[PDB]
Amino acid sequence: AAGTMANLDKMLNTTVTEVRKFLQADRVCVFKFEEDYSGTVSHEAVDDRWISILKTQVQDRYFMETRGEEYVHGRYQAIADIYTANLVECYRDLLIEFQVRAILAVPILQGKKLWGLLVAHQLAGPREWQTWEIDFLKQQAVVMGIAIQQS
């Protein structure tokens, strides 16, 4: 089993790098949840021009109160412009600290449990996420799920 965790860590790191290149996003990361649905940016591919947010811990009220239940039942986040969208102010402030203009966040499941998020950020400017891109990030999060379960 040693080192299958290093093998998963290499695999998730390669995946976020290829997804960021393919979608031409500024940042792609994995947000991994703890037991209480706080979490940490576990994996990040970021264009050198921008803040690396790797290992930033986030205590998000929405995830910690719902324990991600809506994301197990098909809710996800597609925001073209964080200024446009009616976000709770402190959540918008967190995204601005991350330099975020646009965000796409889809779930990574283990069975019936939310393990984490796969997240694309546009940092340069607003971005209208297309149907195929949302579908692509969701399908990549399924690949990640299978890999995580089997390591």
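In case it trips you up, residue 1 is the first one in the sequence shown, and so on.
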| item | value |
| --- | --- |
| Average Cα temperature factor in the PDB entry - higher stretch of 133-141, 7-15 | 7-15 |
| Of 81-89 and 95-103, the stretch whose C-alpha atoms average the higher B-factor in the entry | 81-89 |
| Given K112, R67, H121, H43, the residue at which the Cα B factor reaches its maximum | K112 |
| Third of the chain, ranked by Cα B-factor, where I51 sits | highest |
| Chain thirds of CA B-factor: placement of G39 | middle |
